[PDB]
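Heads up: the sequence shown is residues 2 to 53, going by the deposited numbering.
Even for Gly, the Cβ is constructed at its ideal location relative to N, Cα and C.
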Amino acid sequence: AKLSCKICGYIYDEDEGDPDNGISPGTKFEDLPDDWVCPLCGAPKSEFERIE
Ligand SMILES: [Fe+3]
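And the structure:
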């Protein structure tokens, strides 16, 4: 699944992960640490919303 950061143009795609910050491809959003934030703008998980 894919989730948009409400606050910038970033999209978290579970099939991409966030590898530059230590999150492997295939990591589900539910499994991101509670201290994970958007790699571009620092918004928390509460500021992401599922998109198609
Ligand atoms: Fe962002």
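Exclusion of the five residues before and after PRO45 leaves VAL38 as the residues of its chain whose Cβ lies within less than 7 Å of its Cβ. Rounded to the nearest whole angstrom, the CA to CA distance from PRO40 to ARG51 is 17 Å.
Between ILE8 and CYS42, the alpha-carbon positions lie close to 7 Å from each other. At least one heavy atom of ligand 1 is found less than 7 Å from the C-beta of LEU41. Not one heavy atom of ligand 1 lies closer than 7 Å to the C-beta of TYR13.
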